[PDB]
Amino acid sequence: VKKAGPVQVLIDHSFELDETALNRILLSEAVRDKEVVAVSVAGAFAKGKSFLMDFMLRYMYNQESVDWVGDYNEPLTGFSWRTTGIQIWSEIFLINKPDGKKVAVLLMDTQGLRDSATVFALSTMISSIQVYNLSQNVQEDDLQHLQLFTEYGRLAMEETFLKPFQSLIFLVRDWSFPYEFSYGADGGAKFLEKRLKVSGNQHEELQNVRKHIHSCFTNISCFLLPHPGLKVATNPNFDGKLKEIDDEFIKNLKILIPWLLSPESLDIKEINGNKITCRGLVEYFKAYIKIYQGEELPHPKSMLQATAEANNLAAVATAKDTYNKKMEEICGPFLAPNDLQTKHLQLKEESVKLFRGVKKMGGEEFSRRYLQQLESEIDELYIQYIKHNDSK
């Protein structure tokens, strides 16, 4: 049987990408060319990330049901919730957006000390929606963890107003101050604004993330969640059934999840102004994995170079597939040899023009290398189209 499930894509303290598993999930014909919403939940271990993500799964499987949260005797399944890495759900959901788009929705469960910092940075660079899962309060160490993204963001915006990151959500579990800061998004926004306010008393490097974080991220928001009740907290025989979950937690959970994942809420991954497809997103995985196998985290310039690389190679992948799709429409009857070449040269130049037309990072000399990679991979496709045409 075929069934969707969680797939380990990221695993000495070295980190390995499972390319075949990634390609199998994101390069399938149904989703490869769809623009992608990459949803991540990240943060410290044992704070309820997988639990949350399993309720997200219930919503993505029945977005239009008023009762998506589930039967109250229905056990909670999906990502295991009771080792360091990133799991993705093998069903890449195709959701109608109100504008007529079908977008692909990828869910990543990001489990993590330098190892957890690496997993947190990797998931944030890949994501378009990052749910920063925190327990009870937001503390200065929590803010500190974002400093490298701000410094990356400063270099990235030296010459454009386009922000490198999309949505970051501070999700504070087991919230402790529900009088002044109500459960939900509005109290969250009220708290986050106060917490993010610049104060002379904070260490200089933490004033820096406060000063700069909003300029790096398209949307910063904060949602305060109540404690889920004693059974969800303590019991070993607890299997996730809603009837054993505090009812104020359920009510706010039902607001949170469409707030993050409803069709109007799905933020498409975009870099340097261009929306990213599932095919393209694989290139960001492969480029970022290269710089996350050193002693410490990469420097901002190293992260910017990886974005530029992925940005160019996603352009190669698009142009190549465009040539490849149209070529197969011709080559599958039999085409006369010089006819096949005219059409090949016409089609290869079109994909060259497409590649050139993309706003790519790094500059002309940087991208000329990837132009020539594209042409070489097109020539390779063409040589094999002649040997299948000559068998006709």
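Residue numbers here begin at 1 and follow the sequence given.
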**Study point:** Extent of unmodelled deposited sequence, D12 relative to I11
**Key:** 1 to 3
Practice item. Check the entry and tell me how many residues of the deposited sequence have no coordinates between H203 and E204: none, 1 to 3, 4 to 9, or 10 or more. Key: none
Check your understanding: As stated in the PDB record, which stretch has the larger average Cα B-factor, 219 to 227 or 289 to 297?
Key -> 289 to 297
Practice item. Taking the mean of the C-alpha B-factors per stretch from the entry, tell me the winner out of 64 to 72 and 339 to 347. Key: 339 to 347
Practice item. Just grab whichever of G153, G280, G240, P263 has the top CA B-factor as deposited. Key: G240
Review point. Which of these, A44, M56, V352, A38, has its C-alpha atom at the highest B-factor, as the entry lists it?
Key: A44
Practice item. Sort the modelled residues of this chain by their C-alpha B factor and say whether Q384 lands in the lowest, middle or highest third. Key: highest
**Study point:** Third assignment of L253 from its chain's C-alpha B-factors
**Key:** middle
**Study point:** Record-listed C-alpha B factor of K325: chain third
**Key:** highest
Study note, to complete from the structure: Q87: CA temperature factor from the record, placed by chain third, in the middle
Review point. Once the chain's modelled residues are ordered by C-alpha B factor and cut into thirds, is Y132 in the lowest, middle or highest one?
Key: middle
